[PDB]
Amino acid sequence: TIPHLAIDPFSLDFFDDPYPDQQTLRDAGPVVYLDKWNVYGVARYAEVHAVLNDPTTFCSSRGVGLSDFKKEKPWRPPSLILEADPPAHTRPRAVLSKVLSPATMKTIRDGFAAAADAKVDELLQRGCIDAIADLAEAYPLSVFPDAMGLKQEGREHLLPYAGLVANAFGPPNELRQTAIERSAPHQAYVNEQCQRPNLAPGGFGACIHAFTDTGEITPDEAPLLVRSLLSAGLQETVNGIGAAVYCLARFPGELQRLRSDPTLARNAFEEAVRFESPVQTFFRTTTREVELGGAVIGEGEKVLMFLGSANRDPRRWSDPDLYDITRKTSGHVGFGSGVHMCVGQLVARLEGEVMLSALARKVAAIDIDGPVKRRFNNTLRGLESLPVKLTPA
Ligand code: HEM
Ligand SMILES: CSc1ccc(C(=O)O)cc1
């Protein structure tokens, strides 16, 4: 009944151009079986959205990677939020939500915007830049570690650790094996940065430890929570910003619309998140036998959600492969959906907005003038190098 496909969604060939294979997965049926890894797959928006919003049946506590924690040991202690189900998920989720709250954005918005403006002014003095290293990477590195309260030393560990964590959600392929092999120095920096004496007062990390007397998290749970904010977000935001710059360069009519109305910057970044979906995939594990798209999925089965494919499903989006900064982006699953929907989404949107805002007000043209290189990761899609020439406004 269920179609069996041999597509490996974690192969380098798939990463190099996922979009044709994503259509094949969608059109094969609402639910597919991936013989390569013995997991079910859902690639349409309807089934992806439904799975994400049923956390009891499609749980996260048995891991959101390929590995089933009931069968294998997690490669690191489980995240108290990403790899937890309600009700254990609820109160730690509440703390991170309040730590990355609307009122917190109000405190950091001015500095994030001023740093974004200064960075763009700096790159314009140079003209020809790498939009990844010099912009998409440089800006989030210039604001997010400081907002976290991290020391100045050791920040070179942040992006390698983030990519390690992301690769480890994948199947036991070479990308995952080589990741976990290299984890040793990075996890030790992360170790020490999650401890309260090591986080600057006022930052995200200190605010997590200050929440340890409310009854929502204990003091011994705070280091793992700080780890969450060191294991997620930075690379995605970098990838999402680099995606927006790339799209503004390839869809030049959209930059002209952005220049003429800079208040489109927030939706311009949201549409970049939908268009590229920095987080391509996540797994769930069925806790019971369940019917999904006329399919019967047994207990203890891994279900692979193609978020990027759901964000390009023509059953849900008009012209899904086009970057449109005035598209109604509401409902895209680039940040997930339901109880686990990205708790850091306001931080990512703020960083993305003020960068695209600085570009909208200061840049006239963005022209690719060099070879574009892609970075491969079991979970994340993003560019490694994007040589562009920035023309000032
Ligand atoms: C473009 C930027 C980002 C993208 C595309 C993204 C993607 C996602 C997705 C899809 C999820 C859902 C995981 C699931 O349902 O299993 C998630 C959760 C999460 N994200 Fe983000 N994220 C981004 C930025 C950030 C930032 C900036 C932070 C931290 C400051 C962050 C921290 C987290 C955490 C801690 C979770 C776990 C939430 C939970 O399990 O309840 N992410 N992210
Ligand atoms: C790449 S999405 C993500 C990764 C790690 C965590 C965590 O460590 O809790 C949460 C979300």
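As shown above, the structure is provided for reference.
Residues numbered from 1 in each chain as written, not as in the entry; some residues may be left out. Chains lettered and ligands numbered in written order. Heavy atoms only, no water.

Asks: Mind laying out the nonpolar core, listing which residues take part and the relevant values?
Replies: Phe204, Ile208, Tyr323, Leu356 and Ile366 are the most contacted members of the largest nonpolar core, which has 103 residues in total. With sequence-adjacent residues up to four places away left out, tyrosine 323 is seen in contact with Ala244, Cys247, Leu248, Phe251, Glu254, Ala268, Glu271, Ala272 and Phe275. Judged by nonpolar contacts, the second largest core, of 16 residues, contains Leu34, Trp37, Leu66 and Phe306. (Core = buried A, V, L, I, M, F, W, Y, C linked by side-chain atoms within 4.5 Å. Buried < 20%, exposed > 50% of the residue type's maximum accessible area, 1.4 Å probe, protein only. Contact = heavy atoms within 4.5 Å.)

Asks: Provide a residue-level description of the coordination of the iron atom of ligand 1, including the pertinent values.
Replies: Of all protein atoms, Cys342 (SG) alone acts as a donor to the iron atom of ligand 1, lying 2.3 Å away. Note on placement: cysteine 342 falls in the loop between α14 (307-310) and α15 (345-362). (Donors = N, O, S within 2.8 Å, 3.2 Å for Na, K, Ca; no water. Helix = DSSP H or I, 4+ residues; strand = E, 2+ residues; numbered from the N terminus.)

Asks: Kindly report on the site of ligand 2, identifying the contributing residues and their values.
Replies: All residues adjacent to ligand 2 are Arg76, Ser79, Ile81, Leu82, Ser228, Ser231, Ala232, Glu236 and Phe282. Interatomic distance of 2.8 Å between a side-chain N/O atom of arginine 76 and an oxygen atom of ligand 2. In isolation ligand 2 exposes 320 Å². Once the protein is present, 89% of that is buried. Tallied by class, residues from the shell around ligand 2 come to four nonpolar, three polar and two charged. (Near = heavy atom within 4 Å. Polar contact = N/O pair within 3.5 Å; in protein donor to acceptor, adjacent residues only side chain to side chain. Areas by Shrake-Rupley, 256 points an atom, 1.4 Å probe, with all protein chains shown as cover. Nonpolar A, V, L, I, M, F, W, Y, C, P; charged D, E, K, R; others polar.)

Asks: Which residues make up the packing of helix α11 (residues 234-250) against helix α13 (residues 265-276), and what values go with them?
Replies: Orientation of α11 relative to α13, taken along the N-to-C sense of each, is 95°, at an axis distance of 9 Å. In terms of axis orientation, α11 runs roughly perpendicular to α13. The segment α11 lies against α13, with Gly240, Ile241, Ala243, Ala244 and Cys247 engaging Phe269, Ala272, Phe275 and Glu276. (Axes fitted to C-alpha atoms, helices over the stretch in contact; angles between N-to-C directions. Parallel < 35°, antiparallel > 145°, perpendicular 65-115°, else oblique.)

Asks: I'd like a description of the packing of α11 against helix α12 (residues 252-260), backed by residues and values.
Replies: Contact geometry for α11 and α12: axes closest at 4 Å, N-to-C directions at 105°. Relative to α12, the element α11 lies roughly perpendicular. Across from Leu248, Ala249 and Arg250 in α11, the residues of α12 making contact are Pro252, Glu254, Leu255 and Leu258.

Asks: Give me the packing of aromatic side chains: which residues, what numbers.
Replies: One pass over the full model with this rule turns up nine aromatic pairs. Judged by centre distance (6.4 Å) and plane angle (25°), the rings of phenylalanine 15 and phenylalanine 376 are stacked. Of this pair, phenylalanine 15 sits in helix α1 (residues 12-16) while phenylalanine 376 sits in the loop between β11 (373-375) and β12 (382-385), and the two are 361 residues apart along the sequence. Aromatic pair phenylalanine 251 and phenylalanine 275: ring centres 5.9 Å apart, planes at 85°, arrangement edge-to-face. Of this pair, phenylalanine 251 sits in the loop between α11 and α12 while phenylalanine 275 sits in helix α13; the two residues are 24 residues apart in sequence, bridging distant segments of the chain. The rings of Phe251, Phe275 and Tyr323 are connected pair by pair, giving a single aromatic cluster. The aromatic ring of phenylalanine 275 is capped on one face by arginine 312, whose charged end is 4.3 Å from the ring centroid. For the cation-ring pair, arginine 316 lies above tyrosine 45, with the distance from its terminal atom to the ring centre recorded as 5.1 Å. (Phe/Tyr/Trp six-rings, centres within 6.5 Å; stacked < 30°, edge-to-face > 60°. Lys NZ or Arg CZ within 6 Å of the ring centre and 35° of its normal.)

Asks: Describe the environment of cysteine 247, listing the residues and the values that go with them.
Replies: In this fold, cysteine 247 is placed in helix α11. On the basis of relative accessibility, which here comes to 1%, the residue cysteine 247 falls in the buried class. Sequence separation of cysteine 247 and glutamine 193 is 54 residues, and the distance between their C-alpha atoms is 35 Å. Once you skip the residues sitting within four places of it in the chain, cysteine 247 turns out to touch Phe275 and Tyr323.

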